[PDB]
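Down below is the structure, laid out as structure tokens.
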Amino acid sequence: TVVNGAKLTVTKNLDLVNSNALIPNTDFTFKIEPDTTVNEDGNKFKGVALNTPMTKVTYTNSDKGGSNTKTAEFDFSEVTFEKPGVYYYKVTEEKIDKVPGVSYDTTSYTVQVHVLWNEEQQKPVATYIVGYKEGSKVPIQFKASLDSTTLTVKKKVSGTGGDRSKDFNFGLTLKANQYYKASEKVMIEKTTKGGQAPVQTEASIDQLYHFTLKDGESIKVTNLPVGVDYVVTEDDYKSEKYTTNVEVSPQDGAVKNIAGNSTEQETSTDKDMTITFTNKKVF
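Numbers 25 to 307, taken from the authors' numbering, label the letters of the sequence shown in order.
Shown next as structure tokens:
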């Protein structure tokens with residue numbers, strides 16, 4: 025929280041709502057600039073602009089299971105300070121296009137660079153560095169929340185002729201995007217009308233995931249990232265005299281009803297999604 029020297033570390037932390045979340049391929053950029061509000065005193069000065077005013081950290085899918093913490097640094101070594109004093113800067117995080125499901129830290133830090141006359145170098149040198157937000161001195165830390173969501177797929181059999189023991193075949197495809205690459209895995213648990221714990225499997229992005237359900241059974245994708253396109257399809261059972269309808273039901277949003285055996289291309293949001301396929305057979 026008080027740095028002796030000319031280098032200043034910035035830390036990024038990702039706080040995962042679901043600890044099993046997939047980590048998006050993305051960067052965070054931090055800007056340092058002279059503070060312009062400073063009442064230019066004999067002792068307080070507007071900061072001198074750095075040659076490298078931006079620094080950044082990068083997350084990739086492969087960071088999953090790590091600390092979710094990354095560091096970068098600003099370099100004050102090459103800055104020329106004409107006089108000893110306290111030089112003021114602001115440090116912020118910048119992000120042009122927001123990543124779905126990531127919240128951006130709007131914090132602005134005040135950074136004081138204490139520049140003292142130094143015997144060794146015969147000049148004023150950056151000697152220590154202190155940062156604060158609206159409270160005590162702290163390390164420069166930015167925190168973002170990474171939300172994710174879930175997708176539940178349920179099978180409902182209806183009509184006096186519907187077979188509650190029949191297994192219906194389904195496919196799920198999740199599509200790769202810039203944030204989540206092909207072959208990354210998402211966790212799936214299947215709940216069955218029987219004695220046992222749910223069964224855990226994994227689906228791969230860009231790879232058709234095959235599953236089956238009887239009436240009253242479901243699968244749940246427990247760490248679906250936000251912003252991912254997907255399609256769920258049931259096999260056609262018209263030849264066996266079932267009619268099929270889909271309900272696509274985002275938590276607390278408007279339900280979409282679809283005649284037939286497939287969802288259209290859906291894009292996951294921060295809302296939990298429930299998709300119910302109703303298979304009706306009657307005499």
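Just so it is clear, CB atoms sit at the ideal spot from N, CA and C, and this is done for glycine as well.
Straight-line gap, residue i to residue j (C-alpha atoms, nearest Å)
i	j	result
residue 125	residue 41	10 Å
residue 272	residue 256	10 Å
residue 274	residue 244	14 Å
residue 241	residue 129	41 Å
residue 248	residue 66	57 Å
residue 184	residue 302	14 Å
residue 181	residue 299	14 Å
residue 151	residue 62	20 Å
residue 146	residue 139	13 Å
residue 78	residue 174	36 Å
residue 306	residue 270	18 Å
residue 267	residue 279	19 Å
residue 281	residue 297	14 Å
residue 136	residue 98	13 Å
residue 132	residue 246	35 Å
residue 283	residue 165	51 Å
residue 190	residue 231	26 Å
residue 158	residue 134	9 Å
residue 28	residue 141	14 Å
residue 219	residue 187	20 Å
Environment of residue i [buried if 16+ CB atoms lie within 10 Å]
i	result
residue 178	buried
residue 102	exposed
residue 91	exposed
residue 93	exposed
residue 288	exposed
residue 117	buried
residue 172	buried
residue 25	exposed
residue 51	exposed
residue 258	buried
residue 121	exposed
residue 285	buried
Whole-Å CB distance - residue i paired with residue j, under 8 Å assumed
i	j	result
residue 119	residue 81	So it is not a contact: roughly 12 Å between Cβ atoms.
residue 155	residue 111	No, residue 155 and residue 111 are not in contact; Cβ-Cβ is about 13 Å, not under 8 Å.
residue 207	residue 229	6 Å
residue 87	residue 56	Contact doesn't hold; Cβ gap of about 25 Å is too wide.
residue 113	residue 58	6 Å
residue 39	residue 167	6 Å
residue 96	residue 34	5 Å
residue 83	residue 44	Residue 83 to residue 44, Cβ: 16 Å. No contact.
residue 204	residue 75	Contact flag wrong, Cβ pair sits at about 36 Å.
Paired residues, beta bridge with residue i - DSSP
i	result
residue 134	114 and 156
residue 286	257
residue 83	50
residue 281	271
residue 39	169
residue 212	225 and 245
Own chain residues within Cβ distance below 6 Å of residue i, not counting five before or after
i	result
residue 224	213
residue 69	109 and 111
residue 291	253
residue 215	222 and 242
residue 153	27, 32 and 137
residue 194	235 and 258
Neighbour flag for residue i against chain B, beta carbons, 8 Å
i	result
residue 217	Among the chains in the structure shown there is no chain B, since it carries only a single protein chain.
Own chain residues within Cβ distance below 7 Å of residue i, not counting five before or after
i	result
residue 198	210, 227, 229, 252 and 254
residue 107	148
residue 265	305
Nonlocal neighbours in the same chain, by C-beta distance under 8 Å from residue i, ignoring five residues either side
i	result
residue 276	295
residue 201	251, 252 and 253
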